[PDB]
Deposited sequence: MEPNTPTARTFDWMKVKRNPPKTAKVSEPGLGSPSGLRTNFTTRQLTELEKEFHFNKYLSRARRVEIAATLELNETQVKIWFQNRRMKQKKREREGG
């Protein structure tokens, strides 16, 4: 058919070591403070943004788990 608007609209590879540490933190606190964010990032060799986004996505999959 016709090509509508929607048709016209680097991905970090986390190590097993990083995901394991990210989970651990998650189970300690669902939300992170600016303090603990910088700390985890340094330890894991990541940016605060990546840590921030991973937590965001993690919370959402939790919601999608308690709801299914």
Unmodelled intervals of the deposited chain, in order: 1-7, 17-36, 96-97
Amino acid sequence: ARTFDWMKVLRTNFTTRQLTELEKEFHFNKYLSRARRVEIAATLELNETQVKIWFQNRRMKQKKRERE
From here on, numbers count along this sequence of modelled residues.
When the deposited Cα B-factors of this chain's modelled residues are ordered and cut into thirds, is residue 24 in the lowest, the middle or the highest one? middle
Just say lowest, middle or highest third for the CA B-factor of residue 44 relative to the other modelled residues in its chain. middle
